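Undergrad: Got a sequence here, can you model it:
(chains A, B, C and D, ligands or ions: 8)
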Amino acid sequence: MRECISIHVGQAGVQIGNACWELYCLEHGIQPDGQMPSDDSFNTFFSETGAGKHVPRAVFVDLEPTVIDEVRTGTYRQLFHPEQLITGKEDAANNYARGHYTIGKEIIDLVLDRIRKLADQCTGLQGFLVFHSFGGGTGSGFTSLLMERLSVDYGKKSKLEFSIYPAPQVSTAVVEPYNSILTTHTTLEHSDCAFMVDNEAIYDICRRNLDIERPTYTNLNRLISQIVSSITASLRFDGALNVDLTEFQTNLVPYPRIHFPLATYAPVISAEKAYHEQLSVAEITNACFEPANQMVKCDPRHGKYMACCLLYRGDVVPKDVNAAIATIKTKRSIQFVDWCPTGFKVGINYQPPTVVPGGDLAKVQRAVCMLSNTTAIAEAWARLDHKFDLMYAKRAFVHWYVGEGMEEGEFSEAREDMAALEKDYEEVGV
Amino acid sequence: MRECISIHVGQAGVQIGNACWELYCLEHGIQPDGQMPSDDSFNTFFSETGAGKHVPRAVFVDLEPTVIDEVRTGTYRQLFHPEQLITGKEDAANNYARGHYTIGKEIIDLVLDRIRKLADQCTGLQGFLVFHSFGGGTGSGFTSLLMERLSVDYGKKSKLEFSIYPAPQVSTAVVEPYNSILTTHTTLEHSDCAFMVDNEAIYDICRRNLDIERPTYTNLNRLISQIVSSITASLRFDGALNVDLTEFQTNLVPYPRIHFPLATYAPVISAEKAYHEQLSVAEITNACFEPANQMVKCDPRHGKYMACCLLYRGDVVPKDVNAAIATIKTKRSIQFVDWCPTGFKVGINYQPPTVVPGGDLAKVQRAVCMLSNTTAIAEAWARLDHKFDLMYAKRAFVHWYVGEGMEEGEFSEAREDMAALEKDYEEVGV
Amino acid sequence: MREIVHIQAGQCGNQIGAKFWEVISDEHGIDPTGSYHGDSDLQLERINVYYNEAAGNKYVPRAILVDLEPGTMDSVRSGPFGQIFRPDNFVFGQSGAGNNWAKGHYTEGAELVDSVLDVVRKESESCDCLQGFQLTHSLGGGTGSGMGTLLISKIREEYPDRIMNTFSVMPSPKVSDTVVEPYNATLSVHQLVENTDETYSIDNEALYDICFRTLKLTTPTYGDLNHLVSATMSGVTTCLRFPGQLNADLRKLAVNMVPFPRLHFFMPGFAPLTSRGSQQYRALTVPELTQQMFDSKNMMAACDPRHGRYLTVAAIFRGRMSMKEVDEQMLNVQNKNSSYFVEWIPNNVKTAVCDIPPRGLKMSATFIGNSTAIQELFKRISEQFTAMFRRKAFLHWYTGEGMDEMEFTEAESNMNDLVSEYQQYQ
Amino acid sequence: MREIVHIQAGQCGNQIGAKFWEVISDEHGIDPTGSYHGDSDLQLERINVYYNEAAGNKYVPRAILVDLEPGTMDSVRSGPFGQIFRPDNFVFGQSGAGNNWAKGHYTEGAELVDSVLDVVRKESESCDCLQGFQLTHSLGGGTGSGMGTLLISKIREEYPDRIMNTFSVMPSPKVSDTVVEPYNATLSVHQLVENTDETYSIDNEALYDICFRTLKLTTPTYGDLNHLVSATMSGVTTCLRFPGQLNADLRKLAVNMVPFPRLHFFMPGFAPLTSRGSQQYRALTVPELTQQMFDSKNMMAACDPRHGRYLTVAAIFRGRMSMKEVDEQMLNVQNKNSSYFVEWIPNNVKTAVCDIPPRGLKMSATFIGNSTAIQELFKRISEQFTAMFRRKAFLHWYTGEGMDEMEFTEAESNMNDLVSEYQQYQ
Ligand SMILES: CC(=O)O[C@H]1C(=O)[C@@]2(C)[C@H]([C@H](OC(=O)c3ccccc3)[C@]3(O)C[C@H](OC(=O)[C@H](O)[C@@H](NC(=O)c4ccccc4)c4ccccc4)C(C)=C1C3(C)C)[C@]1(OC(C)=O)CO[C@@H]1C[C@@H]2O
Ligand SMILES: CC(=O)O[C@H]1C(=O)[C@@]2(C)[C@H]([C@H](OC(=O)c3ccccc3)[C@]3(O)C[C@H](OC(=O)[C@H](O)[C@@H](NC(=O)c4ccccc4)c4ccccc4)C(C)=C1C3(C)C)[C@]1(OC(C)=O)CO[C@@H]1C[C@@H]2O
Ligand SMILES: Nc1nc2c(ncn2[C@@H]2O[C@H](COP(=O)(O)OP(=O)(O)OP(=O)(O)O)[C@@H](O)[C@H]2O)c(=O)[nH]1
Ligand SMILES: Nc1nc2c(ncn2[C@@H]2O[C@H](COP(=O)(O)OP(=O)(O)OP(=O)(O)O)[C@@H](O)[C@H]2O)c(=O)[nH]1
Ligand SMILES: Nc1nc2c(ncn2[C@@H]2O[C@H](COP(=O)(O)OP(=O)(O)O)[C@@H](O)[C@H]2O)c(=O)[nH]1
Ligand SMILES: Nc1nc2c(ncn2[C@@H]2O[C@H](COP(=O)(O)OP(=O)(O)O)[C@@H](O)[C@H]2O)c(=O)[nH]1
Ligand SMILES: [Mg+2]
Ligand SMILES: [Mg+2]
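TA: Numbers count the residues shown, from 1 in each chain, chains lettered A, B, ... in the order given. Ligands and ions are numbered 1, 2, ... in the order given. Below is the structure in question.
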């Protein structure tokens, strides 16, 4: 009942996983060895063996051994089933075609089988939670090989997808635009709700709200994990207005292809700041409509809102929430589309946000995660297809992709399909 | 009441015996000196003398001294009666005709005298358990000499036979195809249920399920003994649905010559994984229908099932078993014959599988041994009679067999009789 | 798990190699005896990248040593780490290359290469999963230039899909010890442009400039030059030997570094580099580590990158550091220096970050630049070559080995084709 | 319990024999005095296979020592282990064989064989169950070639069903010490093809090739050659002296190794063999033992197996090892080398595995090849014989012993019949 299989692909997905599973163990009170000292609240994420050991409903996949061998050696080595951690022989080299066509074939039929040996333990599997990098070779190419299989083997089941997406200026690779554009078929055809996130936006959120001058990835992953906990909290706990994983989508997604919401969390705040402000429902609701808190570097004021899911958790009351979203409807800078007169889906859940004890983020009685479908996100696509255009006009790295079994025409067919999505998000704003 | 005489022949049968008697001693709580510290559960396998010493109902036979002199010197030197460990001077040289006509001709009337002195201590002897190699000279030739005698001396009594059979690729001898084909008269005419087992299939089970990268024969024999403990468990213990040794045959054997079932065991599992798998009755039932767990390298999907005996042991309930076999009947890849609408014989026994303390195979609440009559096994015969045909077309080693008193025409008469068995298993699938 | 096979050719290749084996053995915590003596499980968890296990827990380097004289084998084997190598992996001739490429490629190394290749086969098939070949040599003289490129050709034909990664010390005008260096180098670069997946171009003039104007060494030896080379050799494989925030295999470098197939001639560098009398006064922090790393003085080929544009740079950082600070600095560099990067690539910098800095450093960066300025190294060699070849000088020593004058015309033709392809994007 | 009777003939047979008795006395832990001094019960359990028990728990080896000269008896009796043998079992003449087969077979040894054979009876009647005869000799010269094959004929007629198993050092052109070597061997091979159940063909050219190209010995003696032979003699009987996962008697070898009655001219080998200065760098394990064992440089006859196909190979392993790993490697060899095995046999490799490896190594493998490449050993002797015999050279030394010219014609006829039967299955 209410299970979610969680798939963590390549270094970014595995390292966000290593923060998600750090959080879910604390929030359910599971030890890092998988035991539980002293109710079904853990069941969405944890299978229970007869011995009294909890086991996570997850798969970690990397085509190179290094990051998953860290998990198999660090403090979580006792938690996972030693076959649900899957390592290939050779790296995908930031090349989509190694992930999808050449190295992915040597491990996909093992990955998909271990996913099936998790599904046979569920009773009403609610959906999939797929975590990856858009810029990676495994991140783009292996996720796109895996989603194509999952979308024929589990066609009804909703596939939610958490993507670290290329930034305006911050980048780690030269070929990040190629891998991202080649991924756009995956998200359009074989995904049901795709949460784009940006490293440069979280780096700025960390600088302004957390007072941390120079963050690592472990800081970012303790913000991305906090969103997925807050999405799943209605699946795991009691609330005044619990939201199902399918109910969420019926309010977020206005049209079949328009399933790329922004996400944001409030209050992101340092423990030193959190004493000197009161953090009421109205304050944390207004914080979600600041450009300063969006986790993709695009401005929501250059768009129109189609729908917002305000998923509150902790000590919040429907009085306060209605009184808050009445002020958001009053502000003329926050503009909805003419065809969504309701605008807001509200969720309210009684479980406060857990604090990771080694984290930068305050204890707070309340949080909200706002997940928001808006026309503005098309600018994050207009940035990256302008990076693609400069390189494909030269064929600047194309021999590495053609050399590993890809058709050269797939680059044109992917830039074409992205232009049809960037068209669709401009078309519905009117 | 409910005795079995276990006859262990050649090196393979004696070394499987040294694992069988290692297990039975642990399972009944008998010390390796035959004493029992502190119900008649042991009575099937052990005679009890007035000193409080339990002596096994076993005969060990080899035409050479080396392997039984090791049994006479190791930890079990005090278990066995010294004259039921039987040895000759001269090795059978992987030559059937030395085992049958020339060397075993001398030891046979001493082997029978021990079997007579064991049967005269039984009261309602249930049958014989005969352990051997198909590829050996003692394994093929001496077992076929002995069975011809036991089938006139004890004509009513059920003769169950456990055979290590030649593999698709793994082989230890050049003449393994000759000895195996010459044995096919023994199993057809002088046996009642013959369990073929393959070294290469267990080597692959060890690699995939125990995760031992490089196993010895001690690892194989500890799986082969575990199946016979599970066949005999209903003779030895209390259960919900105990199965008699002839009740077993009345459900396994559809036709007089169609008595070559496959065997498999589940869960084969290591201590690394047994604490993370559920090992529910549904999973360990389904594991028996995987090609991955069959102990002969043939694919059951290239056959049809005639009958299955699912012999469960440990903590199981008839609710769970009926609910499990209902899913097996639902799966279109597991195909029964049109003339067996019932298909399944179920046994359920309350005694869990005993761990050998030195072993790789983990402690578990449940096991099933599935013993299964299927048309697929004819491919393991089609492999080996194609090895025979290449050598007999040249008469490639025939002078060693003709030189030791065999008729040359017995090779044609054995390849002929094998083709009539391989015909019978193809004929009944329709 | 991503094994490497490492090969040393001639005096220079065996000297930069036998110094590298002292560096990566100090990283992995291996005694000169071959015994493990390190601190950390992270030192041992990837020792299979460069070593084989042997009985008694002795570790043997997966190195093959090649020469046409015994005297460099005697110099490596009698050296500080000389005991650590497998005695049966020393493969040698008994008369030198004479500083002649054609002796290396056609006569004295053509005899020997079959006894190299069967040792390379023994070590490569004994690997679990080979990633590539790491070959150290020089382009001057005859053993490294002519036998090493024969050996690249033979290994390339047998392992077509594995990374061929070469570290190539090569001629420059103001620091030279051979008359026939331009001939040997021109005949050798003709093999590297076709066969290698990466070649790291290294210069004794630039390695002396680091020693004089950065380290302030009064009398830098070849042992001090070999220490600068081997730091960048340890640097680029770090991400398959140790964990990190961003992992980059040698192939993950190649896909990002090499836009068009033949433009794989890189220029390495290292940070920090200080005098031992100024390490007390400097911060090793990522901004200071970056301002050094992009300095025209820090790079190990004499080509000033300000005489061209980078196609790609890779900065492989090591140590506990912020990804914001690393991503900030690799942005600030290519925006404030935008006239020195090609403007048809939207980001020219690859980054990688390992969690384990070199022993005795809190941070390190290894730099790889694919600058068009490297046209100057191939140009000046081609201009030295042209002057000797226009009058056929010294060619009886090469044509005596049965080489054609047509092969000199064709090698310098292919050299100018390499110069033209770098100049095209400038 | 499967006793063996061992017989030594001429200088070579007594020298490979007197070294063999030092090797198996080290295995069984027997002192040069004949007293037992070993570690283990397994050493004593089968000591009857090669020794007789005598008073005071002294062990006396079941050798018969045969020569036509006293000087090799004097050299054995005075040697490292000479005092071990029974004084009555030294059976000898005074005037030698003159390197003449016909002196061995018709004159000097025909006188002596009545005094040999009646000692072979005293040892065979002291046996509980004799399995066979293990005869060491050479096919060059006159004592081993001509008296040893007289003695094979006499023991074969008296014991027709016991294993006759011979270790036969035999001529080759590049390592030769006798003018009439081709004659003596051709007259002797004519007896071996009819009477023996197994003959292990050994060559001084191949035993010197192991000493130079594997062991790297600078000056290999006959004592070093005798050590390589006697390692494979200890090897093939191991499975009746020690326990194992797969036991193979000399008869269990013969049934698997000899497809057609006369094709029993085997070719032995041994592993691991390592250069003395290199052992610490080598991993002792089943796939390295395999890659040595199945390579053309390791076999103890001059025949390169790449000039034929194997009929059967037996690999008798010793040590604690996996049956999956043994069965995997003996599969991988004959599938990856399938052009070198006959394709009318569906598996060409016999395996055996003993639990007790030789003293001082963790594992070992004795290799026995049967291959159509053994045609080359019989061919080159037959063509050296032919080139002398067309001009009747040296025949007055043989016809002086009353031998016919017809016996030379009939021996070389039977030699070409043995060459033709191996070449038939090529
Ligand atoms: C107290 C202190 O700070 O000591 C430093 C030091 O003073 C300086 C000057 C060191 C020092 O470097 C040199 O003296 C040197 C001389 C000629 C050529 C190259 C280097 C040092 O010797 C070098 C040494 O580096 C290492 O030990 C690294 O692990 C290095 N390996 C070796 O140098 C090595 C030496 C002997 C045997 C085996 C290895 C390494 C480099 C890259 C990748 C892996 C390992 C270090 C930190 C120092 C001293 C000791 C003074 C410097 O080198 C490095 C690589 O850090 C030179 O400029 C840097 C900055 C350092 O501050
Ligand atoms: C520390 C160490 O590794 O010692 C080894 C050794 O260095 C090497 C080089 C040994 C050594 O072998 C030789 O030197 C040699 C020289 C000429 C001809 C044959 C051998 C060794 O002497 C030989 C000796 O082997 C034995 O003792 C065997 O049990 C052997 N018996 C004898 O050699 C022997 C010697 C004196 C008296 C009686 C017996 C044997 C072989 C087959 C069957 C039964 C017994 C061993 C392990 C070693 C040394 C001591 C260096 C090697 O031999 C063996 C049989 O292992 C040669 O290649 C192997 C690999 C070994 O590593
Ligand atoms: N927030 C965050 N971003 C990460 C993390 N790890 C990697 N990234 C991002 O991942 C993007 C590039 O993808 P890769 O890390 O190379 O993805 P990959 O699947 O491992 O790629 P391959 O090595 O080719 O298989 C970069 O833009 C990084 O900023 C992490 O732990 N947290
Ligand atoms: N699983 C297993 N297989 C064994 C064992 N011992 C031998 N075998 C198999 O036995 C088969 C060959 O038969 P032999 O071992 O030679 O049988 P044998 O009766 O002793 O033959 P003879 O020596 O001629 O008397 C091979 O295919 C081996 O894989 C053992 O302990 N376990
Ligand atoms: N860095 C470095 N350069 C060297 C070394 N030895 C020689 N060189 C230089 O680089 C060139 C190498 O050529 P060399 O290796 O002698 O030719 P080879 O032996 O025929 O391959 C020489 O002319 C020297 O200038 C050394 O130990 N280190
Ligand atoms: N391996 C080995 N070969 C020997 C030895 N002594 C001689 N040989 C060689 O093999 C041949 C043996 O012939 P030999 O035994 O002298 O003839 P015989 O005494 O008449 O039987 C000689 O020509 C030598 O080349 C020895 O100790 N060991
Ligand atoms: Mg990756
Ligand atoms: Mg046997």
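Undergrad: Can you name the next helix or strand after the helix or strand encompassing residue C:20?
TA: Using DSSP states H and E, residue C:20 falls within helix C:10-27. Sequence-wise, the next helix or strand downstream of helix C:10-27 (DSSP H and E) is helix C:41-44.
Undergrad: what's the next secondary structure element after that following helix?
TA: Toward the C-terminus from helix C:41-44 - assigned by DSSP H and E - lies strand C:51-53.
Undergrad: Partner strands of that next one and their direction?
TA: Paired neighbours of strand C:51-53 in the sheet (DSSP bridges): strand C:59-61 (antiparallel).
Undergrad: Show residues contacting the partner strand.
TA: Strand C:59-61 has contacts (Cβ atoms under 8 Å, 6 or more residues apart in numbering or on different chains) with C:6, C:21, C:25, C:28, C:30, C:34-36, C:47, C:50-54, C:84-86, D:281. Backbone N, C-alpha and C define where each C-beta goes, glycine included.
Undergrad: hmm, try it at 10 Å
TA: Contacts of strand C:59-61 with the rest of the structure, by Cβ atoms under 10 Å, 6 or more residues apart in numbering or on different chains, involve C:6, C:17, C:20-21, C:24-25, C:28-31, C:33-36, C:44, C:47-48, C:50-54, C:81, C:84-86, C:89, C:123, D:280-283.
Undergrad: Would you map out the domains in the chain?
TA: Went with chain A since none was named. A:1-261, A:262-376, A:377-430 (curated CATH domains).
Undergrad: Sorry, I should have been clearer: chain C.
TA: Following curated CATH domains, chain C resolves into domains at C:1-259, C:260-373, C:374-426.
Undergrad: List the buried residues for stretch C:326-340?
TA: C:326-331, C:333-334, C:340 (16 or more other Cβ atoms under 10 Å in any protein chain shown).
Undergrad: repeat for stretch C:35-44
TA: Those would be C:36, C:38, C:42-43, for stretch C:35-44 by 16+ other Cβ under 10 Å.
Undergrad: What of stretch C:141-148?
TA: Of all the residues in stretch C:141-148, those buried under the rule 16+ other Cβ under 10 Å are C:141-148.
Undergrad: close to ligand 1, is the helix holding residue C:20?
TA: Yes. Counting by Cβ under 6 Å from any ligand atom, ligand 1 is contacted by helix C:10-27 at C:22-23, C:26-27.
Undergrad: In the longest helix along chain C, which residues are buried?
TA: If you go by DSSP state H, chain C has its longest helix at helix C:405-425. The neighbour-count check on helix C:405-425 (16+ other Cβ under 10 Å) flags C:407-408, C:411-412, C:414-415, C:418-419, C:421-422, C:425 as buried.
Undergrad: Same check on stretch A:235-251?
TA: Within stretch A:235-251, the residues that count as buried by 16+ other Cβ under 10 Å are A:235-236, A:239, A:242-243, A:245, A:248-249, A:251.
Undergrad: Quick one: neighbours of residue C:363, just the number.
TA: 19 (other Cβ atoms under 10 Å in any protein chain shown).
Undergrad: which phi and psi does it have?
TA: In terms of degrees, to the nearest 10, the main-chain angles of residue C:363 are phi -150, psi 150.
Undergrad: doesn't residue C:272 make contact with it?
TA: Yes. At 7.3 Å, residue C:363 counts as touching residue C:272 under the criterion of Cβ atoms under 10 Å.
Undergrad: tell me the most buried of the domains of chain A?
TA: domain A:1-261 (a mean of 21; mean count of other Cβ atoms under 10 Å in any protein chain shown).
Undergrad: Show me where the stretch 101-250 of chain C has its strands.
TA: Assigned by DSSP state E, counting those that start in this stretch, the strands in the stretch 101-250 of chain C fall at C:130-138, C:163-169, C:198-202, C:244-246.
Undergrad: what does chain A give?
TA: Counting by DSSP state E, chain A has strands at residues A:3-9, A:46-48, A:54-56, A:58-62, A:85-87, A:125-133, A:158-165, A:193-198, A:239-241, A:262-266, A:305-314, A:344-349, A:366-374.
Undergrad: So the residue nearest to the spatial centre of chain C versus residue C:19, what's the distance?
TA: Taking Cα atoms, centre = their mean, the centroid of chain C lies closest to residue C:167, which sits 2.0 Å from it. Going from residue C:167 to residue C:19 by Cβ to Cβ, to the nearest Å gives 12 Å.
Undergrad: intersection of neighbour lists for those two?
TA: Shared contacts of residue C:167 and residue C:19 (Cβ under 10 Å, 6+ apart): C:136, C:229-230, C:233.
Undergrad: So which of these is the closest to residue A:391?
TA: For the shared contacts of residue C:167 and residue C:19, the minimum distance to residue A:391 (Cβ to Cβ) is 30.4 Å, reached by residue C:233.
Undergrad: can you pull the contacts of the closest residue to residue C:273 other than its chain neighbours?
TA: Leaving aside its chain neighbours, residue C:273 sits nearest to residue C:214 (4.9 Å; criterion: Cβ to Cβ, 6 or more residues apart in numbering or on different chains). With contact set as Cβ under 10 Å, 6+ apart, residue C:214 has these partners: C:228, C:270, C:272-275, C:292, C:295, C:297-298.
Undergrad: mind listing which of those residues are in helices?
TA: C:228, C:292.
Undergrad: could you flag which of the contacts of residue C:214 are buried?
TA: C:228, C:270, C:272-274, C:292, C:298.
Undergrad: Of these, which belong to strands?
TA: Using DSSP E, the buried ones among the contacts of residue C:214 in strands are residue C:270.
Undergrad: how much space between the residue in the stretch 1-150 of chain C that ligand 8 sits nearest to and ligand 6?
TA: Residue nearest to ligand 8 within the stretch 1-150 of chain C (Cβ to the ion): residue C:55, separated by 33.9 Å. Counting by Cβ to the nearest ligand atom, to the nearest Å, the gap from residue C:55 to ligand 6 is 31 Å.
Undergrad: That residue and residue D:282 touch, don't they?
TA: Yes. Using Cβ under 10 Å, residue C:55 is in contact with residue D:282, at 7.8 Å.
Undergrad: Of these two, give the one with the bigger neighbour count.
TA: A count of neighbours by other Cβ under 10 Å puts residue D:282 above the other of residue C:55 and residue D:282, at 18 against 13.
Undergrad: wouldn't the more buried one be in contact with residue C:56 here?
TA: No. Using Cβ under 10 Å, residue D:282 is not in contact with residue C:56, being 11.4 Å away.
Undergrad: Without its sequence neighbours, what residue ends up closest to residue A:47?
TA: residue A:55 (4.7 Å).
Undergrad: Run the chain-centre distance for stretch A:310-318.
TA: Put simply, stretch A:310-318 sits 21 Å off its chain's centre (Cα atoms, centre = their mean, to the nearest Å).
Undergrad: Need the CA coordinates for that stretch. PDB is fine.
TA: Extracted in PDB, the C-alpha atoms of stretch A:310-318 (Å, rounded to 0.1, in the frame of the first residue of the first chain):
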ATOM      1  CA  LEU A 310       1.200  24.800  -1.800                       C
ATOM      2  CA  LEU A 311       2.100  21.700   0.200                       C
ATOM      3  CA  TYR A 312       2.300  22.900   3.800                       C
ATOM      4  CA  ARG A 313       3.600  20.800   6.700                       C
ATOM      5  CA  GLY A 314       3.900  21.200  10.400                       C
ATOM      6  CA  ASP A 315       1.800  23.600  12.600                       C
ATOM      7  CA  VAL A 316      -0.400  25.200   9.900                       C
ATOM      8  CA  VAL A 317      -4.300  25.700   9.800                       C
ATOM      9  CA  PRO A 318      -6.700  26.100   6.800                       C
END
